[PDB]
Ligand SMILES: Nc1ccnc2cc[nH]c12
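First, one chain by itself: the form deposited without ligand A1H4M, in structure tokens.
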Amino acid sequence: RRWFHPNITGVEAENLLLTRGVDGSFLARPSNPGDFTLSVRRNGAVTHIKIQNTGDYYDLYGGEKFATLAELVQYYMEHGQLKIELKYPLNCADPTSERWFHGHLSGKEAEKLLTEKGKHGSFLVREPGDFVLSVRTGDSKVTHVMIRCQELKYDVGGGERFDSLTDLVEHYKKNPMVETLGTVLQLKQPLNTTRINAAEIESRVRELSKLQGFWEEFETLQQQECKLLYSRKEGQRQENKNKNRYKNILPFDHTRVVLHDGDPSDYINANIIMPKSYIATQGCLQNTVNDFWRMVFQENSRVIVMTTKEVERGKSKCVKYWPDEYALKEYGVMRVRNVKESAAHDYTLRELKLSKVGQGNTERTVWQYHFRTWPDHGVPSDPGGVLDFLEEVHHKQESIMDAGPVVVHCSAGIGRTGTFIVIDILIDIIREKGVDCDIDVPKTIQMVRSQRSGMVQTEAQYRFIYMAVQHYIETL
């Protein structure tokens, strides 16, 4: 993912592509903050293509919709689809989005962090133009290795000279430095500085709010998305193409929900998310409504969380897959009765009875929580509404013996869906373990992203997750 440059301007991108790149060279960068730009060299000139993300997916102008920028780049690198060829990534030497880079951090602060939070092989790199690599080794001690910047290259006092700190760190990760008395300076894992005690969320949010800290942390998490390019072959099959809301937003094969008692049709664009478990899925299409009810029935799910209106901005985000109040409908082999609807400030609850046609004894109540007030773009200005809704959903799920995973869906099933699920996972740790628990927001999001592509889409949702956890702790 070195083709992503976090701090460059359009003019800097043009100069880099014209002087250091060739026809086919490309890079991606942040823009209108919140948007991204794909800058590509074609026939000696540079084109800048807009990538928009309001919270549901990355929408590339003149291209398709994607779950992640890594999935977008992999797609165009492996497929005449962009109207523009993406042949050569133009690599970024900026270390600001590396997990181990801590810019302005003093040697005392670094020794304190490695001593309190580190273990064998924990390391960090901190900054007049030179850098310091600090490593903890043991069962213990901290060793500081000077990294010189001499004529644009980096070195540890001898040997190879690297074009970037990333190349240096990767080199000495593969080929560890050995102290002449035997100690191997193993760079096993970056020092974890994101894991906080829940009671100090206010302090961490205040520090992330200064010039912003939230942006740096989010883009450092985004930089790790290239480790999550898991196969999605089942969703790519000809017979499954029209079962996807967006052709390139697909479920990972290894966590997808497989539908078993089919017409003698094992596919649905949905994934199991394990942290209480969840099913993260897209809004129904007219041709997937029956598959949706087959999934809910098979998985024994008793609670559904819908995080979109049926229509937003004049566009269908989810077809109505449930009957009108008091009505009974058959959706293939499944029968649904809408027993009763209850309106609340931010949501509507629909009490549904689901059963298999011809088998009365299979009836179970499915409670559908339909959140109605999420803004068309961005996130809510206050998390209270989302928190009170998730608290109600949680108590409903907890009251039902052996209930299956909670189904959560929005439009593509990754942005608002990932946001609700991640807040739910974090607040569950705090409800049970109390305020004396460790929480790690990027760790939790990375874990959820390994089970469905692009879970949590934007820096605005990333910040909303911290705000929701802070609010939950303040009302404890």
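Counting begins at 1, following the sequence as shown.
Although it is not shown, the form deposited with ligand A1H4M bound is what the next lines describe.
Exercise for the section: Please work out, step by step, whether the site is open or blocked: first superpose the C-alphas near the site so ligand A1H4M is positioned as in the deposited complex, then count ligand atoms within 2.4 Å of this form's backbone or C-beta atoms (3 or more = blocked). Expected result: Check passed, pocket reads open.
Problem - residue 299 within 4.5 Å of ligand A1H4M in the deposited complex, heavy atoms - result: No, residue 299 stays farther than 4.5 Å from ligand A1H4M in the deposited complex.
Practice task
Considering only heavy atoms, tell me if residue 472 and ligand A1H4M come within 4.5 Å of each other in the deposited complex.
Solution key: Outside the cut-off, so no.
Exercise for the section: Consider residue 69 of the chain shown here, and say whether it contacts ligand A1H4M in the deposited complex, taking contact as heavy atoms within 4.5 Å. Expected result: Heavy-atom contact with ligand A1H4M at 4.5 Å: present for residue 69.
Exercise for the section: Find out whether any non-hydrogen atom of residue 392 is located within 4.5 angstroms of ligand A1H4M in the deposited complex, and reply yes or no. Expected result: Answer no; every heavy atom of residue 392 is more than 4.5 Å from ligand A1H4M in the deposited complex.
Exercise for the section: Name the stretch: of 151 to 159, 170 to 178, 399 to 407, 218 to 226, exactly one has residues whose heavy atoms fall within 4.5 Å of ligand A1H4M in the deposited complex. Expected result: It is the stretch 218 to 226.
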